[PDB]
C-alpha cells in the first residue's frame, strides 16, 4: 500500500544520509526544499530513476546546520538557495584556458568575476571552508562553475550585478587562512611624533590608497587627526602576497615588477574590467580574449605583488 525508494540527502555531498522516499509524495513534502544536480526538484515526486542518487537539502535539523557550517562557514539558511540559483547561470558559462589560466567568456556582467578568478590562480591562498577550497581546486582544472557560484553566494551578489574586484576579494579573504600574515607600519607626524601600528590577517595584506608597493615602503602621505599631513610607511610584512588598491587612474606597469593587476575603465559602478598579468611579456585577458605588449600604460585600480618577509631599513 506504499512504495518507496532509497536516496541519499546531504548538505555537503560528503556526509551522505540514507533516506527512503514515498513515490506518491513530492520531495518537497518529505524533505523541504530539494535540489538534484542544481535542479529544484521540490515540486516533483520521485521518478524511478532516482534510486541511489544524492540530493541537496536545507539544514532543517541541528546536525545538518553543523554539517553545513563546517562545509561552507555559513549559518544563513538562504545560502543554499542563493548558491543553487547562481549555479543555474554559471553552469552555462564557458571557462576557456587563456594563457595557462582559467578565465570566463563574457556573460551576464561577469567581467569582475573573471578578473577575480584570474587573480586567485596567481596568489598563494588557502581557504578555510572546504566548500571553497574544493571549488578552488576544481576551478584550477577548468571546472569553475561551482567556484563562481560560491563567490556570488558569499558576496550576497547575484548574476547581473556588476561587481567590484577589491570587495569581492575582501569577502573571500575573510575565510582564507591569513592567520600568520603580519603588517607593521609606522606613521610619523611633524607635530605629534611617531606611532607604530601592527595589524594582521586580512588587514595585513590589503591596502587602499596607493598602487605602488614601492611607494608604500618609502612613505605615503595621510592626513593626521591632530591636523597636519602625516607620512605612513611599511616597516615589516610577513605574507606571501600584498594587494595594493587605489581608485582608477593612469598607471604604468613594467614587465616583472608585479604579479597581476585589475584594469578598470568607465565610471564608478558601471565600468568594465580586464586582467593584466606579467609573464615573459605583459598579457591582457578580457574573458576569452588575450593581447600582448612590451609595456602597458592605462587605468589600474588593483596591483598584486609577491612577498615572503620584508623589513624596512629606515631608522
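Residue numbers count along the first chain shown, from 1.
S.K.: Return whichever of 223 to 231 and 198 to 206 has the greater mean Cα B factor according to the PDB record.
M.R.: Between 223 to 231 and 198 to 206, it is 223 to 231.
S.K.: Between 14 to 22 and 296 to 304, which has the larger average Cα B-factor in the PDB entry?
M.R.: Comparing 14 to 22 with 296 to 304, the higher average CA B-factor belongs to 14 to 22.
S.K.: Go through 152, 187, 165, 84 one by one and give the residue whose Cα B-factor in the PDB entry is largest.
M.R.: Comparing C-alpha B-factors across 152, 187, 165, 84, the top value belongs to 187.
S.K.: Based on the PDB record, which member of 29, 259, 269, 265 exhibits the highest Cα temperature factor?
M.R.: Within the set 29, 259, 269, 265, 29 shows the top C-alpha B-factor.
S.K.: Rank-wise, by C-alpha B-factor, drop residue 277 into the lowest, middle or highest third of its chain.
M.R.: Middle third of the chain for residue 277's C-alpha B-factor.
S.K.: By the record's CA B-factor, is residue 51 among the lowest, middle or highest third of residues in the chain?
M.R.: Within its chain, residue 51 is a highest-third residue by C-alpha B-factor, going by the deposited values.
S.K.: Going by the recorded CA B-factors, say which third of the chain residue 192 sits in, lowest, middle or highest.
M.R.: It falls in the top third of the chain.
S.K.: Quick check on the deposited entry: does the C-alpha B-factor of residue 218 sit in the lowest, middle or highest third of its chain?
M.R.: Highest third - that is where residue 218 ends up once the chain's C-alpha B-factors are sorted.
S.K.: Would you mind checking where the Cα B-factor of residue 161 ranks among the modelled residues of its chain, as the lowest, middle or highest third?
M.R.: According to the entry, residue 161 has a C-alpha B-factor in the chain's middle third.
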